[PDB]
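Reading through the structure tokens given below for one structure.
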Amino acid sequence: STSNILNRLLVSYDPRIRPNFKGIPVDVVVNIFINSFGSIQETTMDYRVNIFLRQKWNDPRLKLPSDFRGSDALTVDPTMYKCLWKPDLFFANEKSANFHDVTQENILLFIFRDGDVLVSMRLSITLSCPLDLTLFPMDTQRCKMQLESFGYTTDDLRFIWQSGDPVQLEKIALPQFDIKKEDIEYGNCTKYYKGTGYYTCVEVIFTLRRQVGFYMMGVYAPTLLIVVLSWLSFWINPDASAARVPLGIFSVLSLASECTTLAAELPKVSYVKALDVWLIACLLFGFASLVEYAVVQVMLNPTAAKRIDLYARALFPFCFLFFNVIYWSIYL
Amino acid sequence: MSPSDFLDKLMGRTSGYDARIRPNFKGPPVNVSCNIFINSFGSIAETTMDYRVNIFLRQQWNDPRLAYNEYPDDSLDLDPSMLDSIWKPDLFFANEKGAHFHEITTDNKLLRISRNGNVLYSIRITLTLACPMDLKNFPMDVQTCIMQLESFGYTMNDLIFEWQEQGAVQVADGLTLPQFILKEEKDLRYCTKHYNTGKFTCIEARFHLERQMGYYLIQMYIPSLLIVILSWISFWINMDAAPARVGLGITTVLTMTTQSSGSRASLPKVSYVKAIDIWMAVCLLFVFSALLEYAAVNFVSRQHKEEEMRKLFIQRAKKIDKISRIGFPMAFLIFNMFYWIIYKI
Amino acid sequence: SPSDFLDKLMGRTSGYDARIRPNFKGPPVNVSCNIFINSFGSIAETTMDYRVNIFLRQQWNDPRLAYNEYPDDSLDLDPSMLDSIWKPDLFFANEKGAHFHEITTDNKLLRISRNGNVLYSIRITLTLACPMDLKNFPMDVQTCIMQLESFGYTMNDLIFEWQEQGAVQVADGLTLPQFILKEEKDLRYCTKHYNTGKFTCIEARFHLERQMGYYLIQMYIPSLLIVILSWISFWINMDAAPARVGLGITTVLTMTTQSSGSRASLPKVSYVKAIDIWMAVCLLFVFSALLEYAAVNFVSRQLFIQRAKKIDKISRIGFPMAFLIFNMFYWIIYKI
Amino acid sequence: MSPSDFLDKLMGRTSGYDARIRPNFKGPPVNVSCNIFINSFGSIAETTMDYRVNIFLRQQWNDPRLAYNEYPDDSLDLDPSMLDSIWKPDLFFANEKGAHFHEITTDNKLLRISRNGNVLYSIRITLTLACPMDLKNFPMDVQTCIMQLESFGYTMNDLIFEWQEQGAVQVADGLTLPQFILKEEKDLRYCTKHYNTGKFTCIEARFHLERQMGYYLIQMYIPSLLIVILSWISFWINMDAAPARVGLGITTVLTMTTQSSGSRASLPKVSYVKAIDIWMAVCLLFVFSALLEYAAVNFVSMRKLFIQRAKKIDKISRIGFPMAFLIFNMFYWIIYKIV
Amino acid sequence: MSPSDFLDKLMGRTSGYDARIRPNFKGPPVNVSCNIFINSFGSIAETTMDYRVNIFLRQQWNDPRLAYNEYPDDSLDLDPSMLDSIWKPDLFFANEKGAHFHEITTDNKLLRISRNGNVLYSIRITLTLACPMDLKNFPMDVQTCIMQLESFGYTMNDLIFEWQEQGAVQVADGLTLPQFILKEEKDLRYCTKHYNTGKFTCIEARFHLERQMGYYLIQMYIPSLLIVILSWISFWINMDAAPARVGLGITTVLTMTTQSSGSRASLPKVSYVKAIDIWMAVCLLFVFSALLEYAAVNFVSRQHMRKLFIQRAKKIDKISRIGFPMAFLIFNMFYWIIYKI
Ligand SMILES: *[C@@H]1O[C@H](CO)[C@@H](O)[C@H](O)[C@H]1NC(C)=O
Ligand SMILES: *[C@@H]1O[C@H](CO)[C@@H](O)[C@H](O)[C@H]1NC(C)=O
Ligand SMILES: *[C@@H]1O[C@H](CO)[C@@H](O)[C@H](O)[C@H]1NC(C)=O
Ligand SMILES: *[C@@H]1O[C@H](CO)[C@@H](O)[C@H](O)[C@H]1NC(C)=O
Ligand SMILES: *[C@@H]1O[C@H](CO)[C@@H](O)[C@H](O)[C@H]1NC(C)=O
Ligand SMILES: CCCCCCCCCCC
Ligand SMILES: CCCCCCCCCCC
Ligand SMILES: CCCCCCCCCCC
Ligand SMILES: CCCCCCCCCC
Ligand SMILES: CCCCCCCCC
Ligand SMILES: CCCCCCCCC
Ligand SMILES: CCCCCCCC
Ligand SMILES: CCCCCCCC
Ligand SMILES: CCCCCCCC
Ligand SMILES: CCCCCCCC
Ligand SMILES: CCCCCCCC
Ligand SMILES: CCCCCCC
Ligand SMILES: CCCCCCC
Ligand SMILES: CCCCCCC
Ligand SMILES: CCCCCCC
Ligand SMILES: CCCCCCC
Ligand SMILES: CCCCCCC
Ligand SMILES: CCCCCCC
Ligand SMILES: CCCCCCC
Ligand SMILES: CCCCCCC
Ligand SMILES: CCCCCC
Ligand SMILES: CCCCCC
Ligand SMILES: CCCCCC
Ligand SMILES: CCCCCC
Ligand SMILES: CCCCCC
Ligand SMILES: CCCCCC
Ligand SMILES: CCCCCC
Ligand SMILES: CCCCCC
Ligand SMILES: CCCCCC
């Protein structure tokens, strides 16, 4: 029978023992494929991915006999793979991951005649990367993905990416990011844990360029609108103290409320960020406008108010334009 | 012929049936006719472009070694424990994003075997699958959410999925959704994939969803329209009452901002401009421009010449006030009609 | 020899095919099943579901399991031997997630009677969903159900029947937050027709009444107090401008913050709710009082003072009447 | 004598022991003594009326056919893998509302067998169990949260639980709770249930918890006292400073109402009136009445005689408000401290 | 000879190695040396008083009946499979509050057998263990957390644990904590417990976390100080602008007691007074006071032959202007000096 071929293949085959026990280390080629690259959770400094991990290697004990020929390969059922030997390919920086058996364990197994098997199990992982927050509205994040063994050493196991396309993403469509050309650098990354030895590693580095569109029309525009509103309030008769005063306190209160609302949602870090410095500058400008009005009122108690009023209404536009141009020159 | 002996004679140790080999090995690919029955839709949330569905998945196929000629009846239902002993397809969902079986009081799964060899296999599944959405017309959009069924352990030359010709996607009578209305028509087509390893058969189903305007209509529009009207009221106040005008403008702009902030804090942080956001931006621009024009009028009146330009600029100020007072409602009305005729069509 | 007796009942030497349904190809086997509610609650409209903790029971007869040798009639077994015989595969049509209990034992009770009756009981925790409408939110009444039906067989072979007397037993100490569970509970059938055959289905309907107290307390009472607050401000003469302006501004701020606190609790349902409309009318009345004072000042600033006083007093005598008629109409149309 | 043969002869294939039969079949019912060791309390939240506790549940019972008479030693410690082969009681928690074992590096379960046949079986469990609580005196309440243990697969005719006469509920010395204090005394009574089928043995333990009044005391009461005293200080000033007075009244009312709003959005929404709500409502009524009285005084103020009447009413309310607030405070505290 | 026969001879059906039997039964206690390697810290939360850690736990112990004398090599690496067939210590974490293994493509466990009989067994573990902290110095606090290791089904006379003399607790170089900094020194000691059923061996490890003030510093202090200086500027306006001034105050206090309510919104409800709370309260007291000063000066100015009280109001305004910033600076100095040490 056809199953008799795999029965003869598996007889006297102990999966607990790696191929070439006393021989050279086995080089296991690893291929990856992104299927649904989920968003990143800045609050948890992690991102969720769903991949079709693939492994191939050489197992001389699984060479096909002279009887069976086949077209290209004989694919056994997915449930058979519990009887084979596999590398302990785990993810070093994993926070939590799980298999998928919604209807059946999603594993594809191919066996070549010369004794090279391909095993592909679906994986769903939640990796973690150090989220840098400097220049937050235009940051360039780099999230890592490490693959390494745990139950062997560099003398028994080895991981090398395919010479072709190790990553073959079809479509990403991230809600607020985009990736075009990643790199497979930091290829070896060979871990060296004291007390056990050297473990093989391989790394993959992505590149995220955050879409500044949302924050451009979500936070920057209201702050600019409030600043312009304060400037227009500046164009009112100082004698109407009941009128000029509220339109500066409203500006500063709105700036403070916006800062508080938009600060508690981002992850907490102990260094300043571009959005925060922009908000601080806008708040300080509103505060300075209110203080200038106060000093104008003090000078009132004649043309003494007129000179300072015109000087400030001329200086504020140029000063804020200079600040805006230097900011967008230094952060873009 | 006792009922007990037949079950292990057709499938079991005495049967000599290898469950680890697909039907018709080294032959033509075996068809799988599969239809789904939605039982509880809902839980659609834009925060993760995903929704939770509960389905009864059914499959019908044929197997030459499953045919029997003993019982007069053709349909003989079988025990799920015996079901987990024969060949089954390895279909999965291309964008499951989290799923799990049901096991209350039993692993609920129905198996029926026909005399001619036809086999029907049905399970109950819950899918938190995801559909990439678009929010260009968010308060009035037409969404298309899909589910894809494809094999993973076989190639196109062994398995092929086909929908039932009549009554493909059955829907429960009591189905109802919040914030959405399920369209009657549902689309079906193929999604033949091409990975490194062979070609995998794939089918997909597409659901059209339309969003009820009501909640969004009232909350996102009525307060904004009312505060625009209130900002108009300020324009009817005489020039002298500067603090009243300033306070009313401040209140209106504060209400506009907050409302915009509250509206934006429900949707994914997408980059492209939505439909509601630009509308609220225009309303905020109206309010701010009204306040700015009042400030400009105040400056014009205050400026004065050195009967020392008499009431001439007071006249001019009243003229600009009246013309802007008659112009703003016309501009708002024409913009409103433009917006609601552009997005509705 | 209890061990050998149990084994010859079901096991290796028994020769009892567990996979075989009772009375194969014969008449259908009717099953009596009753539920015991032990812990209700955790009802949330924002997710349209509720959590229940029940002691599900099944009773029927197995002719090939009957014994006439052991002296006792009702013999209790263990779950380990329970997972060796045929049992119905009833599931919940709207389970929406559930799991067993595995604390120190799979808490399953099995009792085999001499004549053939079998009692089977399992602890179950169901987070099941019932669609709820908030059209009468401050006085809403809900109908939350629990469907039990078979999936592994057809109505031609399996039939479910609630116990004739005392079906839905309820623990005496059961309590709910902001809900009162009605005593009487409806029952009927739900025979469905799927693609392949028809399956037996049973139901048990629960009528739930939401407590009004908390809502009544925190929402309505401050609103009525500040409406009376506004009327007292209405009593004040127009000369004391700062006092009336303050009494109006404080009323407006308190009412708007109360409305904001009230609104942000419920799911984003399309149609208008019942609680908010009364809140909206109260906000309208507060704004109307403030605008009336503003218009009185506007007219006063412009022999018209007598007319201003006349309109002020007629509004003072009309607004309480309007509030009373609106409140009575609202309570009548909602309570009845 | 090798340990393997002894262990399999006591229980195993060679023993011929069936774990599916209770001790003393058709005989007297089996008493089971079970104490508890609280290891980590806390995470108690009123938003869903439950608390999570990590315990080392132990139970000792006599199995006559488990007795051995070979080793001179009396107490033998066992292995979990062979532990899961002998008869065990099926005790479960009637109000578990979710629970699970611990399997970290081992199924942490201890088995000890004595020569006479007494066996001790202990497992580490975590319970997210629910206790309904009343919030009549919420800032100063005392709660009685209970947990039950009862059989499910047997009858009172076969099983009966009983607490140890000495050292029933042992609590780790280092245990501490946030915003809560664990009373030392613990009630142990019986909860014998009468279900639809027979009687099931049941024993429950009741923990008395007290709420640390410090946090709520400060956060709620102190700002309210400060703002009402501020309202009084405003009351001291005469009627001429009308804008200052009305602004101060507005500030006080807004502060009181925002304190109440921020205080209320933490408790489970229950119909019956709490103890914080009445106090905050009284404070809000007091500040509102002060502002209303000032408005009325401003309204009553031409003829100098009306000015004298206004100052008389101002002084009488000035001497009245602090006395009324003090008597209310004394009444409230004395009634909610002895109740 | 062949690896299969040696593998089954060392343990398995032919060996007859009774896994459930502890090594050296009825003999001397078997000491175990165990060291852990932290791989990923972080996710420390104040609400639930716990933090999630990721560790590689290692245990080295000698099993005399496991010794082999066939292969020339002294150290041999096997797979997890045969690992799940031998005796293992039952160490469990005393305050884990839940945990789970890792099973991605394999239960990632490592077993290594030395020639003399020593065996090293290591597993990847994730622990959401609890740590009771105190918030007496919340914005400038130092927290000490513990992770005890102890047996569950044995006795001190049978099992004893000892930390490694060198390289006891290791940390990856790439380690970085959110909002925290980890101290280099890691104090370790014993935690020998006395339960009802005998005495159980116990060792423990302590970590010292220091909270970086930065995020809290800016997001709390800076807006409050800005609002306080806003109140100061409001206080620097002549009384003739009576409404606007007071209006500023109405906002000035209001937003403040909002921000205070915000600060405790992300912190657990604890009975004892925090450290940011007192600074929070002092700022609130200073602003309202400023408002009260404005009310008092308005009262004294509008009391009303028209020069003495006006001059007194101007003088009190001047003294309040020259005092309040100085008093605020004095308060800031003592607050920072007191809470620094
Ligand atoms: C990758 O890692 C090994 C580990 O020692 C190192 O010697 C070398 O750089 C690489 N080995 C290869 C590529 O075979
Ligand atoms: C369906 O099965 C038949 C016979 O096996 C054959 O046509 C083919 O393999 C399958 N596909 C189609 C499209 O017919
Ligand atoms: C079950 O009830 C049906 C009712 O139509 C009856 O025909 C049948 O005989 C009953 N069977 C048993 C075993 O009670
Ligand atoms: C067990 O409990 C019962 C309770 O009635 C008692 O009569 C009996 O003496 C106790 N001892 C045993 C183990 O039978
Ligand atoms: C382990 O170390 C302790 C302390 O030195 C010693 O008493 C014991 O005999 C040792 N056990 C073994 C098996 O080496
Ligand atoms: C069916 C969609 C309706 C959208 C709202 C239309 C409003 C028209 C009137 C605007 C004044
Ligand atoms: C449980 C401690 C109680 C301390 C005394 C509180 C007094 C509050 C009233 C002060 C007027
Ligand atoms: C952690 C260092 C802090 C240095 C002092 C900062 C003072 C900021 C406020 C100045 C008014
Ligand atoms: C490019 C970023 C430089 C940051 C310098 C330190 C903070 C300055 C705050 C004004
Ligand atoms: C005040 C102007 C500072 C400009 C800093 C420029 C830094 C460039 C790297
Ligand atoms: C650790 C960063 C401190 C930044 C302080 C900025 C102060 C601006 C006035
Ligand atoms: C929006 C009003 C602009 C007015 C410009 C000045 C016209 C003389
Ligand atoms: C915003 C006011 C602009 C005025 C320009 C000068 C008009 C003569
Ligand atoms: C005011 C009373 C209306 C009638 C109520 C009738 C209730 C059955
Ligand atoms: C409260 C500090 C400033 C002084 C108030 C007025 C003194 C009569
Ligand atoms: C007359 C006031 C002098 C300044 C006092 C400052 C107190 C800190
Ligand atoms: C936005 C208007 C700016 C005017 C500048 C005049 C010098
Ligand atoms: C207003 C200045 C904009 C500069 C943009 C540089 C890319
Ligand atoms: C469901 C639509 C309600 C419209 C209300 C308009 C006032
Ligand atoms: C595509 C850009 C549209 C801008 C609209 C601004 C009102
Ligand atoms: C030229 C003025 C036209 C006014 C039209 C009002 C409807
Ligand atoms: C079907 C909706 C038509 C709206 C027309 C608005 C002018
Ligand atoms: C049943 C409630 C009736 C209320 C009547 C209010 C006038
Ligand atoms: C169903 C809507 C009823 C409204 C009643 C208003 C008095
Ligand atoms: C126990 C100490 C209470 C002090 C209260 C001060 C208002
Ligand atoms: C580091 C950026 C500083 C910008 C100052 C205007
Ligand atoms: C879809 C295009 C909309 C443009 C609105 C100005
Ligand atoms: C463009 C508007 C069309 C309206 C038809 C009724
Ligand atoms: C307004 C009263 C209605 C009564 C209907 C029975
Ligand atoms: C205010 C009275 C408190 C009494 C406490 C025993
Ligand atoms: C305000 C007094 C309440 C008394 C409750 C017994
Ligand atoms: C600032 C104190 C009051 C002024 C007279 C001493
Ligand atoms: C310990 C708190 C001191 C506060 C000094 C203003
Ligand atoms: C240690 C910092 C002290 C700062 C005093 C202004």
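Residue numbers (the working numbering), protein chains in the order written: chain A, 1 to 332; chain B, 1001 to 1345; chain C, 2001 to 2336; chain D, 3001 to 3339; chain E, 4001 to 4341.
Even for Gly, the Cβ is constructed at its ideal location relative to N, Cα and C.
Exercise for the section: May I ask which residues mark the beginning and end of the beta strand (DSSP E) holding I3113 (chain D)? Expected result: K3109 to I3113
Problem - Span of the alpha helix (DSSP H), counted from its first residue to its last, around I4330 (chain E) - result: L4308 to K4340
Practice task
Mind checking which residues open and close the beta strand (DSSP E) that includes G197 (chain A)?
Solution key: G197 to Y199
Problem - 8 angstroms Cβ cutoff, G4214 (chain E) in contact with chain A - result: yes
Problem - Exposure of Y271 (chain A), with buried meaning 16 or more beta-carbon neighbours within 10 Å - result: exposed
Practice task
Find the residues of chain A that neighbour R1020 (chain B), judging by a C-beta separation of less than 9 angstroms, and give them in chain order.
Solution key: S3, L6, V76, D77, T79 and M80
Exercise for the section: Kindly provide the ranges of any beta strand (DSSP E) runs that are 3 or more residues long and lie completely inside the stretch 37 to 92 of chain A, ordered along the chain. Expected result: 46 to 58
Handout entry: is_contact[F1025 (chain B), chain A] using C-beta, thresh 8 angstroms
Key = yes
Practice task
Use the C-beta contact count for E94 (chain A): other C-beta atoms within 10 angstroms, 16 or more gives buried, fewer gives exposed.
Solution key: buried
Exercise for the section: With DSSP collapsed to three states, give me the class of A97 (chain A). Expected result: strand
Practice task
Just tell me which of C:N2023, C:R2019 and C:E2045 has its CA closest to the CA of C2130 (chain C).
Solution key: C:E2045
Exercise for the section: Starting from the N-terminal end, write out each residue whose C-beta falls within a distance shorter than 6 angstroms of any non-hydrogen atom of ligand 4. Expected result: D:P3028, D:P3029, D:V3030, D:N3031 and D:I3160
Problem - Close beta carbons around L3111 (chain D), own chain, < 6 angstroms, minus the five adjacent residues each side - result: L3078, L3083 and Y3121
Exercise for the section: Rounded to whole angstroms, what's the CA-CA distance from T3258 (chain D) to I1125 (chain B)? Just pull it up for me. Expected result: 48 angstroms
Problem - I51 (chain A) CB to nearest heavy atom of ligand 10 below 7 angstroms - result: no
Practice task
Measure the CB-CB distance between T2251 (chain C) and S2230 (chain C) and report whether it falls below 8 angstroms.
Solution key: yes
Practice task
Provide the residue(s) that pair with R3189 (chain D) in DSSP beta bridges, ordered along the chain.
Solution key: D:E3204
Problem - Span separating the alpha-carbon of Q3143 (chain D) from that of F3041 (chain D) - result: 15 angstroms
Problem - C-alpha distance - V277 (chain A) paired with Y3216 (chain D), whole-angstrom precision - result: 37 angstroms
Handout entry: Secondary structure, alpha helix (DSSP H): runs of 4+ residues fully inside the stretch 3219 to 3282 of chain D
Key = 3222 to 3236 and 3242 to 3264
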